[PDB]
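Protein chains in written order, with the working numbering: chain A, 21 to 263; chain B, 179 to 423; chain C, 2 to 243; chain D, 2 to 213; chain E, 923 to 1172; chain F, 45 to 266; chain G, 1362 to 1559; chain H, 227 to 459.
Cβ atoms here follow ideal geometry from the backbone N, Cα and C, with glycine treated the same way.
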Amino acid sequence: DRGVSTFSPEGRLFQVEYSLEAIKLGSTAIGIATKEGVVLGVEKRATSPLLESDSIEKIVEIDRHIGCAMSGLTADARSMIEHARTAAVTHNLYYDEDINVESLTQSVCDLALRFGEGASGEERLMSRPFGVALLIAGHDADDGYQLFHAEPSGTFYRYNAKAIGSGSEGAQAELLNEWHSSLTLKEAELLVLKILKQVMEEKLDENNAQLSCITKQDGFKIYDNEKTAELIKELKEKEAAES
Amino acid sequence: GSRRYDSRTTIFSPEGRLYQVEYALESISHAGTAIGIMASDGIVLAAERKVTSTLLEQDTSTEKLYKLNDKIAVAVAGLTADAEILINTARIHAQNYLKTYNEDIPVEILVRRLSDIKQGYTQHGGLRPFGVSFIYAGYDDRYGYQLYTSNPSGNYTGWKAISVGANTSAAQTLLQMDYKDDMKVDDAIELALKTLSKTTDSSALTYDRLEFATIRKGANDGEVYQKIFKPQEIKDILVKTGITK
Amino acid sequence: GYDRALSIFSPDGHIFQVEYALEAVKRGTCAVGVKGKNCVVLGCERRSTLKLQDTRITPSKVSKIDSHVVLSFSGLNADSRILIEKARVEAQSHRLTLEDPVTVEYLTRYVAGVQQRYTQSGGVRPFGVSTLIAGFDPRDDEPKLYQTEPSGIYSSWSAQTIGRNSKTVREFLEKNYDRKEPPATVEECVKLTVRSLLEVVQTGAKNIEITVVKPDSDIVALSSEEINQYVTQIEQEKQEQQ
Amino acid sequence: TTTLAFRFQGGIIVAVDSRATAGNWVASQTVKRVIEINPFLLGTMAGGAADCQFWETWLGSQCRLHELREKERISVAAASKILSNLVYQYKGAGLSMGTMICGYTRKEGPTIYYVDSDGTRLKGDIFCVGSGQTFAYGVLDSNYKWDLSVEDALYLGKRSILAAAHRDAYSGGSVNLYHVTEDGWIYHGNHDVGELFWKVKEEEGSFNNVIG
Amino acid sequence: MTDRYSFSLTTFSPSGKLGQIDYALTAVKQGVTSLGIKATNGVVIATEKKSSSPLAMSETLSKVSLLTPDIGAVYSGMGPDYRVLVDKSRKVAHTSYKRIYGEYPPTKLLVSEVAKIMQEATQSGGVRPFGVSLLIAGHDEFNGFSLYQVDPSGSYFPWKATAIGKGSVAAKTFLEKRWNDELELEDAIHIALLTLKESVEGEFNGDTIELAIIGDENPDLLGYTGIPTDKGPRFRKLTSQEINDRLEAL
Amino acid sequence: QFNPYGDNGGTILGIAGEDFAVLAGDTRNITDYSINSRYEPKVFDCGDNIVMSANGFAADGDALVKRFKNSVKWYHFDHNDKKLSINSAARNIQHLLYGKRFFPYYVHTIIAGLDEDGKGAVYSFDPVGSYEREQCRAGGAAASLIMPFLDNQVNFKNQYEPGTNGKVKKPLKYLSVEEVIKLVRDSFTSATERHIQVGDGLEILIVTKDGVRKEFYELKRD
Amino acid sequence: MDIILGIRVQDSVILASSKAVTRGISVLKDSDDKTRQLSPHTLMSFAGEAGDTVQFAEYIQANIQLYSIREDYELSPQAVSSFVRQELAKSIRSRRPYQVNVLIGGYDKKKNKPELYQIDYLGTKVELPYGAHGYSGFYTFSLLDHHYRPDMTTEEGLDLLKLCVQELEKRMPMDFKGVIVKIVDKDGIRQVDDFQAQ
Amino acid sequence: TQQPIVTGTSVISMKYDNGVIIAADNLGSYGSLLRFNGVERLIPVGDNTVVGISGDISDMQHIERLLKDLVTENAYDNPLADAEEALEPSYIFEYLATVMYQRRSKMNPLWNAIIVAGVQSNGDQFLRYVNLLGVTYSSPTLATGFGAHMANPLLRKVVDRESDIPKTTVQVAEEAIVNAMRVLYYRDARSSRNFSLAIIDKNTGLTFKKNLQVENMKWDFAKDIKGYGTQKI
């Protein structure tokens, strides 16, 4: 088919480049890490009376202190989660404590390398690389609240805020202006809603958005439909009184 | 390695097809004919051996009739070779059901397995599939007489009259008309032979260009006794219908 | 070794093989599921054109995955056996190990998971089948309806329709259902299901097979006799709205 | 070792010994005997110590993994049946286990399953398990009453342990009490056998109607 | 490192054909005129002996191999494919039958065992399929004397006379006309030399025909001169002088 | 035929105190009546305020330790030089111990140090698995002799002040580093007399948040 | 072991199975039953080693239950007994057999005949009108043969079984404290609550 | 498993200030038959380590090969290597021990007991013991076989603490080794009259005197003749 070991004159593999193309087509995932929490928000999107829109969400829990929101292909993010749960569970049994979000990303990225015909270095069992990129957010007692962007290529960077998805070009640009080093959890969540409203071609409801948060008295916690909607209710009125 | 020294024909197509499967059915449509008429006191089976000679034996009249059991047999349309691997393995799949539960396999289970092995050859491995279509002539006490066909794609359908091989089209157009919904063996035999002559070009219909088997209840033979007609019993039935012309 | 590639990227960030899997489903027969708030109805085509089929040993479109759970499909039968078998095993695996009746969400994750594997993993291609999975969770009276694609993705849907003329049947259904007032009685939800599936089968009232699932293993397949009666009625309704 | 559990109106009373010895002189009154599975599930150490230590922590991990996977609370039943499958494979090569998996779930109530090295799985309502079982059950039985409040319930659990501790040389350093409630388990302290003996002798009049 | 070849090298073409089987058959048509006759009082098979060189032994050369004791085979096609195939056929025939049922496989059963080898090889990649066709002529005491054809794919069909190689059809015409069952083995040898003289011109001898029969017994083919216990071989290959003697016999 | 398993004697003593903890061990190494060593550190610093001694049979000690030394290294690499907790290290050992039991182990392992919330901690292990936390633990061959004193004077168990000795008692005071060392020298000096498995030298590693501090007191030599 | 009796009467197939676990003087548990429904008219009762029991029992149950959903068809009691036997006869070679003796009590809804199967741990399956395992049969076969001969009802079986159990607890020194009895017939499976003279 | 049929006995050692001394008979026993007299059982591994091996010869032959492969593999990666990353006493000993432990742990054991003596060229003296039971220890005096019993109490009077090591000289050291070995031949007859003895110097590298023979003969037994063949009828 297409080479699995054949590089560009620069030296960037075809398969890596193609990995970058599926990512850009999902719905935005935006994280801001603050000093009291990590906020992860997604656009879930789609509203139909023939659709159960509040039974599907893109914010899935890995552990009692770790979530991930995704953007790109969703089917691919299931294999990534199966590997990640197994690795975290086995480490909690051996040393009784939290696994590091950076550590997790490296363990996963190792199995992202298989695709194609095998090597004599590695047994390549898959056919393509993963076509989803992830924002993995967590807490550890030795670096507090953190936010991480794993690319399926191998690179994983720590960030204080980062957006991924289709609408990331705008989103990131807004994140910087709104970002400061005295930002808190409660402000950050309101701001998320501002960003989400702006870039929508619709009215922001909780059957097209979902919030989530991290506090260290409860771990990774999903901001529920009932609370997320109350936050949406408060937004619409206050915005619509600045006009 | 093998990437640029091989190709991939086991992939899908821009219609949703698989190259080799669609093609496999074509191979079958120019192979020799197999016909299945299910009656309600029997099963009548007819097959045309396309081209026969006095240099071939015509004496072997198991050439496309194989018993897989004393209760299930198939009629083959396609290659002997392709046929051989699924027969031998089907007979083995039988013995396993028989050992485990002390009772013979229903027809339906055995078909579903067969089809899964055939799907398997295009589904993984890169391999090629078989190029032979089977007509299942079979029994249950849940379903009476049973008549199936299964294909290299692995789809399988229930019948009470079916054909695969060449001239499929001609046999089935006469058959649907002249069918009687519940009928005896002897009536079936008259109907079959009548259909058969007029699907075989010019004067050619002979006993020794035919393979015939009927599966009757009997009362000097046991319940579901398969009689695979050897030349001489074909000669008789042709003269009785008078259809030898 | 046949663990090497057989599924590759698109430059558009799709996958060629998943786009081609969906086409086989469309050419295919049509399956539909419409929800009340007491039942979940599944309609499945049996459009026997030819009369030489014997139809008690002609394959059905309804499988038990579990005693309170059904799977229906549109797509190649050959591929669908392979998926259907793995899904029955998984219901029994939970039953054995957790000492607990099966929950619908986990099964859906399982059905999704084998198809997802075969796109990702090398020297295998995805199945030629889209499915609908429905049933009821234990000690629960609210309906559950899931859709899975051979991409391996999965969703819940209040109602969904698949195979040939999916557009036509969605579009119709959308005018006859609200989540705020879905049907309470079996008769009228079934009337609606038979009417949508009439409009695409062409002639059919023995060629349409309805199976209505009420809570916890009350699963009953309505018959030809009954269906012919609803079609008569529909021919009376269409000259009361003229 | 004499380790017990009963289901009663208030929940479950889990009563246990702790005792480690160098000879027969009780070196320390503290040994592990309760393995903490999860915040609402207890499993007892006894039998193969090592087998219990490894596999009940393991069990705790797999349970935590179910709560991610399926988003459901585990049964005591689901917990036991996993343990048993693994136990039977390593049999005939070693592996010894003596545990009772005790919990109070909202989806079953107070629930007790007994699990042994051979792979039996048994549900009951009253257990004593041990080698002091028969005597301990006697004490338990004659003052048993499902309806009863937590305070009395605890003192009875404790008296069965002392009764057992006295005849047998495999218990009695101090007595550890646990009440497994709906919302998780509550420790009720370590009772010195030395202070406890003198109280019980006068009080119960059981094997002691005329003191002996 | 090492092979990874598991993709089938035999694949379907737009017509329903199999490229490799089509190719292989061209080779077979171009191969050495071989025939088989059932005389009814025996079976006689003849094939062309050839020499590479006059200074070359043709004792070593293999154009007629005994697959099992009462059974011989001859071919048209590709010589190297033939040699290996004979070997796998001999091996399974000996291990799986000769003290299991206590005797050789029946002819039809042995034709199926060959058929399977060729079909494994056609299905599976790493290797191309066999390029051969055989005429397996035989005797088994539960089916009499038989003649089969084994095709390159492993399709087989029963025959009572045939010829394959170059110049088949006309060879069958002469054989069809001269023999119609119930015929001495000797007479079938005579007919066979006549069919082949008309078929091969340029130079013809019995030193360029290699002839085997299954259709005799000697005490020497029980393999002992004592007191019988079993029947033993009936394969006998003739020497060149005996064949010239039958060429002299009108 | 063959079973390498025997004994090699030696004696270790772990005491958890108020902010600190000790792992005291003699430095005599034996096999029967012969002297293998008259100095050989029998308390060893594995790093991270964790000091460790596998008393019993030597052959298993060396193995247990090597498996564990490579785990200390791998924990650091894979988790960016995040230091190993006494409790976590104890779990890691449990899994090691439990990993061989088809070839069974005959050691009494004891670890001492500080936990990360700042309380002295000593954990004692059973030879094929298990650990539990104890306040005080005497270990090794002469465990049985040391513990009955220790229980009175540190732990204030089977100790009561002359009165009624039953509602009057002597109470629990967490000892000082000086007062602990006196005790430990006294135990060991009595021990040398009575055991040929104790003598030669006494190495006390005292473990504090100022590091690991070494003390050396002399003992009897034949 | 565990005293498990079965008697096949005219109208139904009666299996009797021990009801209590005795520790010393007193019954710690007396709410025992050990039987598993295989299908609504195939029942298996169990006796042997108590951990070999649950491990086999759920293994066999799982396989037959996978066949039931798959085919959407109920299997015969004959079908199950051949299946149970084969599986025993694989394990008896292996180095950790089950040591479980079973009775499977079934009404063959497809013959319309009653059937009783007694299967040894070895794999010895025998169809009988009455049977017993071990030392039980010495006291109870001597009554069963004399006082009972084939072609006797449900009511008659109940009284017969009581007599048997009373002699076993007196005269045979094994103690298992009576049986609670179940009937497998055409209309499925009921537990006969009474045990006063039935 | 295995139990002995072929024995070698006795390799003795000590530290002095600026080296070590090791001495060993040269022996392949078949019980009490001195079958092979002259078998190497000080194996110089480089010029700064000597490996003494006692116990089963069948096992000794296998290690003898393994050490000669270690030299060949120590010339790999740079040919002038001898303190760069190869050829130090600690390396040769750790290597032997990893094999020793593995074999016993699976119970098909190496039935030897080893003394590695050398002087590091980067550091000070090296002296460490390993046996078939997986017990390993270090001390300023060490002996295997008979010599553990009998020679080692003689050794301990000179050195047995760290402090006594600077106070022993080459002469004092050599006198203890020459005394000890005379004792070994006198009370145990397995030990061959020929021995080889090596002194491993910081000052002058490796001095190995091979095929040296016990001298300063005892004929003390002659005093105690009360006859044993001297017959008068």
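Over what stretch of residues does the beta strand (DSSP E) that includes residue i continue unbroken?
i, result
"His189/D", "185-193"
"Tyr115/D", "110-117"
"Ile1368/G", "1365-1369"
"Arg306/B", "Element bounds for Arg306/B: n/a, residue is neither H nor E."
"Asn1127/E", "Careful: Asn1127/E lies outside any beta strand (DSSP E) and carries neither H nor E."
Would you kindly report the start and end of the unbroken alpha helix (DSSP H) that includes residue i?
i, result
"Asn378/H", "378-381"
"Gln138/F", "130-143"
"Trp1101/E", "No alpha helix (DSSP H) contains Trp1101/E, which DSSP labels as neither H nor E."
"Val356/H", "It is not in any alpha helix (DSSP H) - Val356/H instead sits in the beta strand (DSSP E) that spans 351-356."
Quick one: Cα of residue i to Cα of residue j, how far?
i, j, result
"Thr188/B", "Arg195/B", "10 Å"
"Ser147/A", "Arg291/B", "28 Å"
"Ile1022/E", "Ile1425/G", "36 Å"
"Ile83/D", "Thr4/D", "22 Å"
"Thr186/C", "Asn39/C", "7 Å"
"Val103/C", "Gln1371/G", "40 Å"
Relative to the C-alpha of residue i, which residue among the options is closest?
i, options, result
"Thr204/C", "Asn229/C, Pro127/C, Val221/C, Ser224/C", "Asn229/C"
"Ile1550/G", "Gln1479/G, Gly1466/G, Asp1536/G, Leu1489/G", "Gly1466/G"
"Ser97/D", "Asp52/D, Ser161/D, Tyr156/D", "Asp52/D"
"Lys65/C", "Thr1501/G, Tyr1434/G, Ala1418/G", "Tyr1434/G"
"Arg34/D", "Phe198/D, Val15/D, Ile212/D, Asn25/D", "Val15/D"
"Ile263/B", "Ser984/E, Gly1001/E, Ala1043/E", "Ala1043/E"
I'd like the list of long-range same chain contacts for residue i, defined as Cβ closer than 6 Å, with 5 residues on each side in sequence excluded.
i, result
"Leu1519/G", "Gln1559"
"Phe74/C", "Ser81, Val130, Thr132"
"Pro144/C", "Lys36, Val41"
Per DSSP, what are the beta-bridge partners of residue i in this structure?
i, result
"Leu1427/G", "None, per the DSSP bridge assignment."
"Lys241/H", "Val246/H"
"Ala1493/G", "Answer is none; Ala1493/G lacks a bridge partner."
"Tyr145/D", "Looking at the DSSP assignment, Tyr145/D forms no beta bridge with any residue, so it has no partner."
Whose C-beta lies closer than 7 Å to the C-beta of residue i among residues of the same chain, with five residues either side of it excluded?
i, result
"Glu200/B", "none"
"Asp153/D", "none"
Enumerate in chain order the residues of its own chain whose CB-to-CB distance from residue i is below 8 Å, with the five nearest sequence positions on each side excluded.
i, result
"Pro127/C", "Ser8, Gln18, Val19, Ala22, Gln116, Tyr119, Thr120, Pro151, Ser152, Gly153"
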